[PDB]
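Trainee: Have a look at this one before I ask anything.
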Amino acid sequence: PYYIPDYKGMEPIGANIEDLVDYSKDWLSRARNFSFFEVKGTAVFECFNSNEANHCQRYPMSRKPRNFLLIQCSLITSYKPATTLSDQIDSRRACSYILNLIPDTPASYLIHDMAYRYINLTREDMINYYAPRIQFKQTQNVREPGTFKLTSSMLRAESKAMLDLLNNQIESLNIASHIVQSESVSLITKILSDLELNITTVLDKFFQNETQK
Amino acid sequence: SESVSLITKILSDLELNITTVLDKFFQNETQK
Amino acid sequence: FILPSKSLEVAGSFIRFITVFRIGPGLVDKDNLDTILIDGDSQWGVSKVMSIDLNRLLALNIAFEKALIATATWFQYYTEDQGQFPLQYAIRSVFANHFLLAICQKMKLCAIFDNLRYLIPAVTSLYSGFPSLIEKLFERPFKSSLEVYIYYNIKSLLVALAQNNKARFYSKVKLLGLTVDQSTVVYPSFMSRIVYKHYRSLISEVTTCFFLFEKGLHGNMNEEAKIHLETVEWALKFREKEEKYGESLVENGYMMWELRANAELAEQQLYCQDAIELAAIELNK
Amino acid sequence: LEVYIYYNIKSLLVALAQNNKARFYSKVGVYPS
Amino acid sequence: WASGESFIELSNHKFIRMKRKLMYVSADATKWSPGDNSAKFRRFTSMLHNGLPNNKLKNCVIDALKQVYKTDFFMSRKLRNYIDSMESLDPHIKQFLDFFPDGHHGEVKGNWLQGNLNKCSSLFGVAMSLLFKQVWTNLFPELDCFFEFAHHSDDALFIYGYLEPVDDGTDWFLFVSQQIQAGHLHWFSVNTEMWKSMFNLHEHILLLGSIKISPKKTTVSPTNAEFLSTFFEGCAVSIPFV
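Residue numbers (the authors' numbering), protein chains in the order written: chain R, 224 to 391, 401 to 432, 449 to 461; chain L, 414 to 432, 449 to 461; chain A, 511 to 695, 700 to 799; chain S, 656 to 683, 699 to 703; chain X, 945 to 1186.
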């Protein structure tokens, strides 16, 4: 039933192709610059070096390469997936190991304080610490499973100061320096080398022969 | 730039892989 | 050791923790630890209070699976390229590389691999626009040693790829069904000691590395301000052209004689009515 | 070859002069190969 | 075309041998770019030939294009909240806020903001490339050049066929100089590396229709099995399985 309305549209204009040809003749008569650069091998090196210089000019330099490894860890043997019993045993041994060391920095002081607090938990507290919520019961220290409360009394001055700090410019590495690049390549090469040391149906046939092998 | 590119190409081409008790220490460390 | 922190289910929250471990081979960076507690022939390193968000936490949770999947992808691509199973050395090298890249989720590395995806073909071809792609690499600061390592590898790889274009000679090959004069020219791997046969395998390696970075950091506010500013800048340029040349001329487009008398009108966001008419005629034919 | 060797020497010496000085007068390091 | 050979005709019934060579250009010409005048499509659809007897549908399309011209861009809530703090970078942030009169929405013109106009834009690009082909053929009727392209989604592949001297002698240079002095001024851009002039004219003609070949991410290579194979694989697969 509906009928498409009138609207306006547009009327043609005289466009002469030969006019474009004349314009192109005038344009090509002069000299123009190609917009792409020939790859050479020397040209890429020169571009990298020039941009290195520009980058160093643009940003303030820094001498402290910031952290990248978000979880630092180490293994020497095979790893068995952690269970709750192994977790309890390992936490006991870890607190025993921590109590031997002497802290040097506020983070280390907090580390020692928390290990001490863990080692000073009562048997009912430890039972509820590793117990499921179904059997979990409120205690004096273990408020929720797998956690414990820690008031300011146990922490020392350094740990308290670091906690106070926690509770509360743009600069790049000198990419053009030989020392920075060499130190970076050596560090990441060492990490990668330590990451490869060996540790002390019908589809299944091809899988076991090629991929699994 | 061109000289360093040429020499780096040569160096990388040269690195490409191709398919008694003192003897014990030697075979363990230097020969390995 | 898990310090108290805001709940991770509230958006924008962080969980603050600290690790103590026995110093040994593995994911150890000595210079970025808080301190190393010496003992009786054993050194215990303690990290600094590190806070991570939910996205980074979930990315770290599946680092092993992501690294294994990327390694198996590289395995398939290597067999497709060469035709034989790689030796255990290359396999272990690429697994270490993929694991380290999956561990360290940072925006600079994601951008670096994204640009390298288009940098490799730009230096494989004869001419290209590689200077702009190189300049794209130096937009954000290099903060850590991993970024400097990856930059160094990229620079060496790109120079090596561009050097192959000095030995281009004309040969005879059969494409489809015709024997034609092609222009031929190594292709070093990015994460091993092998050499590839086709550079497409190099591009695939780089792409696999690019996709090891989670899309969560792909939508950071730093990457949203960019698109906002891009649209606003182009709108302002359009306004400038509008006020310099008049609204009707910009919206409707200039004629041929205006272009021939000005020659500065040939620009983006300005179109020639005669050219559009002629192109319509050529397509109508 | 001579030019390449000279370029490597120049880069290494510039880097050493820039770095080792700051790693010298602190009191009584890193040297690239 | 490359297999055969080309012979040019000098005035005194003479032939000069020439070697035909190709070089291909890959570009994402029809990829949406933020700086673009959607109004350029109105005259295009006013003049494009369709089998329809009337102009009701064509004029309706033109009216839709007219209405989509001006768009009200809106600043996202996160950016608005964030911008209330850390205004140290005053220059560009101040300009950006000046773009918004009331601080919530501004006016955007020309740019159609990533709207789905893929086929329309690709057809426009094909039209402009055919226009360049016609213009170049008109420019050098004597020369036996070549140009063929084929779009695929947001990609393209422009193949330029050009002529190079075979004897490395000055006969080609002499002919070019004679043509130049005879009045044909445009032959100045043909004696050496004519494919560069072919591509420059092509890119300029595209720019006349607001299309801009990106100075990055476009690669130009001669006949090469690897370049063609990677282009065809990129055409075949859109997403990496990884």
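For each residue, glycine too, the CB sits at the ideal point set by N, CA and C.
Note down, in chain order, all residues in the region 330-344 of chain R with a beta-carbon under 9 angstroms from any beta-carbon belonging to chain A.
Mentor: Cβ contacts with chain A come from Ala330, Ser331, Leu333, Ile334, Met337 and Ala338.
Trainee: Is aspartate 1099 (chain X) helix, strand or coil by DSSP?
Mentor: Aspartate 1099 (chain X) falls in the strand class under three-state DSSP.
Trainee: Going by C-alpha distance, which of X:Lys965, X:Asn981, X:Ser982 and X:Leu1087 is nearest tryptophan 945 (chain X)?
Mentor: Nearest of X:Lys965, X:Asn981, X:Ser982 and X:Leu1087 to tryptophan 945 (chain X), Cα basis: X:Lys965.
Trainee: Closer than 9 angstroms, Cβ to Cβ, to anything on chain L: give me those residues from the region 665-683 of chain A, in chain order.
Mentor: Against chain L - using a Cβ distance shorter than 9 angstroms - the residues of the region 665-683 of chain A are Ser666, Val669, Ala670, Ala672, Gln673, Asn674 and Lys676.
Trainee: Can you check the region 1070-1140 of chain X for any beta strand (DSSP E) of at least 3 residues that lies completely inside it and give the ranges in chain order?
Mentor: Taking only runs of at least 3 residues, the beta strand (DSSP E) segments lying wholly in the region 1070-1140 of chain X are 1090-1093 and 1102-1109.
Trainee: What are the residues of the region 262-285 of chain R that lie near chain L, defined by any Cβ-Cβ distance shorter than 7 angstroms?
Mentor: Within the region 262-285 of chain R, the qualifying residues are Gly264, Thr265, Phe268 and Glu269.
Trainee: Is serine 425 (chain L) close to chain S, meaning its C-beta is less than 8 angstroms from at least one C-beta of that chain?
Mentor: False, the Cβ-Cβ gap to chain S never drops below 8 angstroms.
Trainee: Taking the beta carbon of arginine 714 (chain A) as the centre, do at least 16 other beta carbons fall within 10 Å, making it buried, or is it exposed?
Mentor: That one is buried.
Trainee: Give me the DSSP bridge partner(s) of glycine 555 (chain A).
Mentor: Answer by DSSP bridge pairing, in chain order: A:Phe531 and A:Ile546.
Trainee: Name the residue from R:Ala380, R:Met385, R:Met377 and R:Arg286 whose alpha carbon lies nearest to the alpha carbon of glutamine 401 (chain R).
Mentor: Of R:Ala380, R:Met385, R:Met377 and R:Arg286, the residue nearest in Cα terms is R:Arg286.
Trainee: May I ask you to list the residues that DSSP assigns as paired with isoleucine 240 (chain R)?
Mentor: In DSSP, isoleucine 240 (chain R) forms no bridge with anything.
Trainee: Going by C-alpha distance, which of R:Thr459, R:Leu429 and R:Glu428 is nearest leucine 451 (chain R)?
Mentor: Here the closest residue by C-alpha is R:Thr459.
Trainee: Secondary structure at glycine 733 (chain A), three-state DSSP: helix, strand or coil?
Mentor: Residue state, collapsed to three classes: helix.
Trainee: So who's on the other strand from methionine 962 (chain X), going by DSSP bridges?
Mentor: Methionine 962 (chain X) pairs with X:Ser950 and X:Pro1109.
Trainee: Which ranges would you report for the alpha helix (DSSP H) in the region 622-647 of chain A if only whole runs of at least 4 residues count?
Mentor: Listed in chain order, the complete alpha helix (DSSP H) runs (minimum 4 residues) inside the region 622-647 of chain A are 640-645.
Trainee: So, does the CB of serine 404 (chain R) fall closer than 8 angstroms to a CB anywhere in chain X?
Mentor: It does not: the Cβ of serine 404 (chain R) has no partner Cβ on chain X nearer than 8 angstroms.
Trainee: Pull out every residue of the region 514-542 of chain A whose Cβ sits closer than 8 angstroms to any Cβ of chain X, in chain order.
Mentor: Answer set for the region 514-542 of chain A: empty.
Trainee: Report the start-end ranges of each alpha helix (DSSP H) in the region 957-1001 of chain X that is 4 residues or longer and not cut off at the edges.
Mentor: The region 957-1001 of chain X contains these whole alpha helix (DSSP H) runs: 984-991.
Trainee: Could you name the residues of the region 700-729 of chain A whose beta carbon sits closer than 9 angstroms to any beta carbon of chain L, in the order they occur along the chain?
Mentor: Listed by position, the residues of the region 700-729 of chain A near chain L (Cβ gap below 9 angstroms) are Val700, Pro702, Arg707, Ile708 and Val709.
Trainee: Would you say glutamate 1147 (chain X) faces chain A, with C-beta separation under 8 angstroms as the test?
Mentor: Not an interface residue.
Trainee: Run through chain A and tell me which residues come within less than 8 angstroms of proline 1184 (chain X), C-beta to C-beta.
Mentor: Ordered by position in chain A, the residues that pass the 8 angstroms Cβ test against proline 1184 (chain X) are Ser718, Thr721, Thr722 and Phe725.
Trainee: Going by alpha carbons, who is nearest to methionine 1019 (chain X) out of X:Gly1050, X:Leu1083, X:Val1079 and X:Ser1141?
Mentor: Here the closest residue by C-alpha is X:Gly1050.
Trainee: For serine 1020 (chain X), list the residues DSSP reports as bridge partners.
Mentor: Looking at the DSSP assignment, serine 1020 (chain X) forms no beta bridge with any residue, so it has no partner.
Trainee: Should the region 324-337 of chain R be called in touch with the region 556-573 of chain A, which here means at least 3 C-beta pairs below 8 angstroms?
Mentor: In short, these stretches touch, since the Cβ pair count reaches three.
Trainee: Taking the Cβ atom as the reference point for each residue, do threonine 1162 (chain X) and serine 638 (chain A) lie within a distance shorter than 8 angstroms?
Mentor: For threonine 1162 (chain X) and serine 638 (chain A), yes; Cβs fall inside 8 angstroms.
Trainee: Curious, which full-length alpha helix (DSSP H) runs of at least 4 residues does the region 714-788 of chain A contain?
Mentor: Those alpha helix (DSSP H) runs which fall completely within the region 714-788 of chain A and span 4+ residues are 735-759, 761-766 and 770-776.
Trainee: By the 10 Å Cβ neighbour count, where 16 or more other Cβ atoms means buried, how is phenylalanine 1117 (chain X) classified, buried or exposed?
Mentor: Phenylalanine 1117 (chain X) is exposed by the Cβ-count criterion.
Trainee: Since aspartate 544 (chain A) meets chain R, which of its residues come closer than 8 angstroms, beta carbon to beta carbon?
Mentor: Going along chain R in sequence order, the residues near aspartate 544 (chain A) (Cβ under 8 angstroms) are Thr328, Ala330 and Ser331.
Trainee: Have a look at A:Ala789, A:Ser693, A:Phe623 and A:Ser517 and flag the residue whose alpha-carbon is nearest the alpha-carbon of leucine 1150 (chain X).
Mentor: The option with the nearest alpha carbon to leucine 1150 (chain X) is A:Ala789.
Trainee: Roughly how far, in whole angstroms, is the beta-carbon of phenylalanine 259 (chain R) from the beta-carbon of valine 1164 (chain X), given that I think they are within contact range, below 8 angstroms?
Mentor: That pair is a contact at about 6 angstroms.
Trainee: Look at the alpha carbon of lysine 975 (chain X) and the alpha carbon of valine 267 (chain R), and state the distance between them as a whole number of angstroms.
Mentor: So the alpha carbons of these two residues sit roughly 27 angstroms apart.
Trainee: Could you tell me whether the Cβ atoms of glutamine 692 (chain A) and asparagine 1003 (chain X) are closer together than 8 angstroms?
Mentor: No; because the gap between Cβ atoms is not below 8 angstroms, this pair is not in contact.
Trainee: Would you please state the rounded distance, in angstroms, between the beta carbons of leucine 626 (chain A) and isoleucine 664 (chain A)? I believe it to be under 8 angstroms.
Mentor: Right, the Cβ-Cβ distance comes to about 6 angstroms (below 8 angstroms), so this counts as a contact.
Trainee: When DSSP builds the beta bridges, which residues end up paired with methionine 560 (chain A)?
Mentor: For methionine 560 (chain A), which the question treats as bridged, DSSP gives the partners A:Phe527.
Trainee: Straight-line CA distance for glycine 369 (chain R) to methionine 284 (chain R)?
Mentor: Answer to the nearest angstrom: the Cα atoms are 44 angstroms apart.
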